[PDB]
Ligand SMILES: *[C@@H]1O[C@H](CO)[C@@H](O[C@@H]2O[C@H](CO)[C@@H](O)[C@H](O)[C@H]2NC(C)=O)[C@H](O)[C@H]1NC(C)=O
Ligand SMILES: *[C@@H]1O[C@H](CO)[C@@H](O)[C@H](O)[C@H]1NC(C)=O
Ligand SMILES: *[C@@H]1O[C@H](CO)[C@@H](O)[C@H](O)[C@H]1NC(C)=O
Ligand SMILES: *[C@@H]1O[C@H](CO)[C@@H](O)[C@H](O)[C@H]1NC(C)=O
């Protein structure tokens, strides 16, 4: 089970970026997809999760609108899109695997990706 | 050759029995055909001797 | 006597991969150091298992 | 004069040995051959002999 | 392991043969049930998996 993500990128403030996440070795529709970030120098912050069957996202507080979750089935690659980037968005985003149990999710993060480091600076 | 308790005598690639279970002592015995070979005759000819 | 179970979450099942499982002995014949072909009911490799 | 392949030789077996399982009890053939009543064709009886 | 089917290969020995002659079209499994003082209620709800 491998979780490879896109490479690092540098971008001026005010633009929009997209981060992909490729999964392999396991049935994608069986498990849900969770996202997590880590600003350099602090802990983990969770913005929400997206179901892999119906494709519905569920954002947390403070991440509505700017953050867009989208999936697909044939290519089977998760995407993370952020719009209107500013200086505080400089972090590394990690994909978190969570098995689908229902409307209430557990706290078992079994597999993670290598992360995608973004940096917003002038 | 240890035998699993479900299985009876085995076989080879020539569809011949090679190992068998004894029906009384429940032990494994190998089966090998005994000695055989070709017969060739040396003769100096019917004229000489 | 029969009783129906309540307070259980009715959920659809999931799928996973069967990595070369389901192989059983086809006959009661001992074989050693031989590649033997067979034609019988088997679990296909890398199949979806509920 | 020369070589000639004539026939083949083999070790004749000295005796014969018969291996049978230790069993003495007899099968009840008269139970099913001299039964009081027989089941119908659509509801045929199945009995185990072992 | 923790929560997944393991990766590997195995050969399954036969266990028993059951001559029954019946017709099978559907099947279901049997699961256990735990009842204790942490599961109050009747027999339909006072249980844990
Ligand atoms: C548990 O609930 C089921 C319904 O989900 C009951 O099913 C009965 O099913 C038969 C035929 O399958 C029907 O003729 C009956 O009318 C059903 N019962 C009812 C009350 O509708 C089942 O009986 C329930 N178990 C118990 C022990 O009552
Ligand atoms: C045997 O061989 C000799 C020559 O080597 C020949 O002269 C003779 O006739 C032969 N014998 C017979 C019976 O033919
Ligand atoms: C298993 O199911 C998934 C989705 O239901 C499908 O994408 C995949 O091709 C299936 N694999 C097999 C071997 O049937
Ligand atoms: C067994 O039952 C099913 C259920 O309808 C039926 O279709 C089938 O003909 C029966 N017999 C066999 C041999 O499967």
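Residue numbers (PDB author numbering), protein chains in the order written: chain A, 2 to 52, 52A, 53 to 82, 82A to 82C, 83 to 100, 100A to 100F, 101 to 113; chain B, 557 to 605; chain C, 14 to 63; chain D, 310 to 359; chain E, 212 to 260. Cβ atoms here follow ideal geometry from the backbone N, Cα and C, with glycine treated the same way.
Limits of the beta strand (DSSP E) - the one that residue i falls within
| i | result |
| --- | --- |
| residue 338 of chain D | Per DSSP, residue 338 of chain D belongs to no beta strand (DSSP E); it is in the alpha helix (DSSP H), 338-342. |
| residue 30 of chain C | 29-31 |
| residue 78 of chain A | 77-82 |
| residue 57 of chain A | 57-59 |
| residue 562 of chain B | Run containing residue 562 of chain B: none; DSSP gives neither H nor E here. |
| residue 22 of chain A | 18-25 |
| residue 603 of chain B | Element bounds for residue 603 of chain B: n/a, residue is neither H nor E. |
| residue 61 of chain C | 60-62 |
| residue 324 of chain D | No beta strand (DSSP E) holds residue 324 of chain D; DSSP gives it neither H nor E. |
| residue 51 of chain A | 46-51 |
| residue 576 of chain B | 575-577 |
| residue 218 of chain E | Careful: residue 218 of chain E lies outside any beta strand (DSSP E) and carries neither H nor E. |
| residue 318 of chain D | 311-319 |
| residue 40 of chain A | That residue, residue 40 of chain A, is in no beta strand (DSSP E); it is neither H nor E in DSSP. |
| residue 10 of chain A | 10-12 |
Nearest residue (CA-CA) to residue i, options the options
| i | options | result |
| --- | --- | --- |
| residue 29 of chain A | A:51, A:17, A:37, A:68 | A:51 |
| residue 241 of chain E | E:230, E:260, E:213, E:218 | E:260 |
| residue 94 of chain A | A:23, A:59, A:75, A:40 | A:23 |
| residue 62 of chain C | C:48, C:27, C:43, C:19 | C:27 |
| residue 76 of chain A | A:21, A:16, A:8 | A:21 |
| residue 562 of chain B | B:582, B:601, B:600, B:571 | B:582 |
| residue 321 of chain D | B:600, B:577, B:592, B:566 | B:592 |
| residue 341 of chain D | D:333, D:354, D:327, D:317 | D:354 |
| residue 61 of chain A | A:68, A:82, A:48 | A:48 |
| residue 99 of chain A | A:54, A:19, A:38 | A:54 |
| residue 572 of chain B | C:30, C:46, C:50, C:42 | C:42 |
Chain B contact for residue i (CB, 9 Å cutoff)
| i | result |
| --- | --- |
| residue 226 of chain E | yes |
| residue 38 of chain C | yes |
| residue 42 of chain C | yes |
Residue-chain proximity (residue i, chain D), Cβ-Cβ < 9 Å
| i | result |
| --- | --- |
| residue 600 of chain B | yes |
| residue 563 of chain B | no |
| residue 568 of chain B | no |
| residue 572 of chain B | no |
CB contact below 9 Å: residue i versus chain E
| i | result |
| --- | --- |
| residue 101 of chain A | yes |
| residue 46 of chain C | no |
| residue 96 of chain A | yes |
| residue 560 of chain B | yes |
Any chain C beta carbon closer than 9 Å to residue i
| i | result |
| --- | --- |
| residue 50 of chain A | no |
| residue 15 of chain A | no |
| residue 229 of chain E | no |
| residue 239 of chain E | no |
| residue 254 of chain E | yes |
Any non-hydrogen atom of ligand 6 closer than 8 Å to residue i Cβ
| i | result |
| --- | --- |
| residue 19 of chain C | You won't find ligand 6 in this model; what it holds is ligand 1, ligand 2, ligand 3 and ligand 4. |
Exercise. Name all residues in chain order for which at least one heavy atom of ligand 3 lies closer than 7 Å to the residue's CB.
Key: The set, ordered by position in the chain, is A:28, A:30, C:28, C:59, C:60, C:61.
Quiz item: Got a list of residues with beta-carbon closer than 5 Å to any non-hydrogen atom of ligand 1, in chain order?
Solution: In chain order, the residues that have a beta carbon nearer than 5 Å to some heavy atom of ligand 1 are C:15, C:17.
Practice problem: Mind listing which residues have their beta carbon within less than 5 Å of any non-hydrogen atom of ligand 4? Chain order is fine. | Solution: Counting every residue whose Cβ lies closer than 5 Å to a heavy atom of ligand 4, we get E:234, E:236.
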